[PDB]
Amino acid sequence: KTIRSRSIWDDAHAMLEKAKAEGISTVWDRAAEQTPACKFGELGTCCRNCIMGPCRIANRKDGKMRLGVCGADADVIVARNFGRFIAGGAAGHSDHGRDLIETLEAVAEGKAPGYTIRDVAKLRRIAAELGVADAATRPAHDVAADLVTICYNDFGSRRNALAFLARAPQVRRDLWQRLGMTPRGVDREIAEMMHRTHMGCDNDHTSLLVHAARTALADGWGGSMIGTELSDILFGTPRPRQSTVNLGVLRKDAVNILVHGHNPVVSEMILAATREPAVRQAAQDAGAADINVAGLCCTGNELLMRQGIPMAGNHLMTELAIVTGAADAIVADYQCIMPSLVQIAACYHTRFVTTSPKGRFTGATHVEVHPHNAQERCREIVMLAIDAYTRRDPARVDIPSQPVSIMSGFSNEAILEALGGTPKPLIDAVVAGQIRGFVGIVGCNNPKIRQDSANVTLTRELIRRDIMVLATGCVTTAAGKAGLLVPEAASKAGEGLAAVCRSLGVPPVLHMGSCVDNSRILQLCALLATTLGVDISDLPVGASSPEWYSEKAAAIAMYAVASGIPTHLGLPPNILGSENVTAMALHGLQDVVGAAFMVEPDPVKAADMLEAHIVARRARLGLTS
């Protein structure tokens, strides 16, 4: 009964039973040990920013402990904690985008063996969009070098606004300018946030949250957008394609390589290495029928979008994938890689390989990958996987399920091509009421919530109401395993959405990529708002993260709100200890940026709130629901 309460999936149930019998502790077991959690940490009323503290703000009968040693009240302490929370998340996406710039610079210099510019057409378009002279005709490497220079300048301190901010409608850029939210530099907003949250600097919760919006905007319109667009340039723009999801993508007769993390610069070369004939011969000589690459988390989302590589699972499936006994190697870069995977791998034959200087795990096998040596290093990593496969215990192998078919690869380019090259067919459907609105579901998993129970229920509730769902991150696996990522899932949608979906041959849920690919949603909203001559806060759109946990999810939520997109959260951030901060997040922000946060653990109630905002925006546009 305990195992049933932790997930809605059979492959998760099977592996939780297996781990229990083998005495392997999982994320759910550790979540139980940390319950009940500290009230002050959950409320955000704890400050550790100097050693005059640590300080706790409590509501006491005797009136003590209302202020920190420095005099800060709960509003400042909660706001500064939330500001650093957002900054850590924005920094996660920022360094990711910085790595794509360096990779593209290596290709332009001819110092990346095995890497190329897969999409020169998009390279010329993005470079011309940002002001590169003669981007349409000059040599591709020269054009790439100028785009590299432009992107690096957004990681400098001399701009007035980020380069991609020009995509946002003019009314939105003027608003950001009036509010002091205009993001100037990707790294700069992160550094200034850490300065503001230092003792005795910014001590106004309104100022701190305004800069928190500015910091997250430097992510969505900077770090993440650069990461998405350069990844398509380097590795190809996604197109619609079919694949499979869940633990059944692992094969007993093959060498199973699971890529984990966020950077496609590594996993793309891992895949190229497994396709070399000499490498395949080595696997055959070892008794394997083939080498099978399968994806985890966002880098799995990336390989899914561009190569159709099947995904093994999402956040809370990562440990369970090793428990299958068929994981021969885990190739990790950085972010959201639970260090418990090292210990669980030690229980089996699995090799846990780290590849990034930023993602170091004690006890892991480190094979550091850079653009100049990726081809040889990734070949070496695959050979380690083939070797570990030879030591695999066949009696402990249990692959639980059969893979479920999914459809992926819905970039904005792919969406517009399916519409004939213009957004007019999409705008027509919204005006007609067939598609009443769009909601991006971009959440994770969280041990406090039965895995994917809220992701799937909300996705079902929204498509029932003719609201198209845009899926990224961990929701990709949830919607996939529920059979909603195929064109045949139109039968589960309402009459309006099903008709549009069947007309285009697309699912009612569109996989648009990884967590950084939420910038694709920003681009799509900006494109629609610009076309109609309105603000993004006028579009019938919404965002939802029903089962989030990370700093990156909070930064995504913040820049969606700051861009005019109403954003729902299944769980609250650590801010409830301040009524002023909570009121601003839930209500005050609506007055300034035209959107706000929503906290609601009931997915059906979450759908009512998302649909309510959509209906209100449809009315202001003069449409019927």
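Numbers for residues come from their place in the sequence shown, where the first is 1.
A summary of the deposited B-factors shows that, of 220 to 228 and 422 to 430, the stretch with the larger mean C-alpha value is 422 to 430. Once the C-alpha B-factors are averaged per stretch, 504 to 512 and 76 to 84 rank with 504 to 512 first. Considering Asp285, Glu413, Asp174, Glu189 together, the PDB entry gives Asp285 the largest C-alpha B factor. Taking only the listed residues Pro36, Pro572, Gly577, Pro566, the entry reports the highest CA temperature factor at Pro36. The PDB entry assigns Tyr152 a C-alpha temperature factor belonging to the lowest third of its chain's modelled residues. Per the deposited record, the Cα B-factor of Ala21 falls in the highest third when ranked against the other modelled residues of its chain. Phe40: CA B factor lies in the highest third for its chain, per the PDB record. The entry lists a Cα temperature factor for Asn59 that places it in the highest third of the chain's modelled residues.
Sort the chain's modelled residues by C-alpha temperature factor and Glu129 lands in the lowest third, per the entry.
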